[PDB]
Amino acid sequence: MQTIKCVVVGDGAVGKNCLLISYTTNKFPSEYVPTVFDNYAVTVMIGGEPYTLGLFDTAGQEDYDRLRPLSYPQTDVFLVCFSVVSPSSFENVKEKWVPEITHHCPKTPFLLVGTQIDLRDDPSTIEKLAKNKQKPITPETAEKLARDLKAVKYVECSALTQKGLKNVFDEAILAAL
């Protein structure tokens, strides 16, 4: 087994940690057994070949900005995430994360990963979102940004309804060679 170092970056209350615990422990978010350690090591099969994808998780608040530079080297691929039902988090991909990671390791590829797609339809979310006068993000405008930001692909997924979950990680590990 050859090991891949993948790294995940983006906001914190967006629920990317949720997506990740969901995929590496095979569990619905409700049933995750919490751990006091970070980073998750998952075994994935692609093109008929098993590899162990190591995931280095980084939370997103500005305080940690200085220590995070240290875990970047030899990363085969990055995963840069937003939430479709959090517009303010869509912007932060343009204004915070993509320029950062691009500035450190320009040539290393990445994805834009839309999360909480189950929520985009729900009436409660979209109405209380319209109170604040914002609409949820369509994969149209997000793939507009994929084809805008030198993004390898825009992929989306739901940790709650289990939709598109496998696809994100397959697309990562394959874009790492």
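Position 1 is the first residue in the sequence shown; the rest follow in order.
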Output the stretch having the higher mean C-alpha B factor in the entry; the candidates are 20-28 and 7-15. 7-15
If you average the Cα B factors in the entry, which is higher, 143-151 or 38-46? 143-151
Using the B-factor values recorded in the entry, state whether the Cα atom of residue 126 falls in the lowest, middle or highest third among the modelled residues of its chain. highest
Chain thirds by Cα B factor, record data; residue 132 belongs to the highest
Looking at the C-alpha B-factor of residue 118, is it in the lowest, middle or highest third of its chain? middle
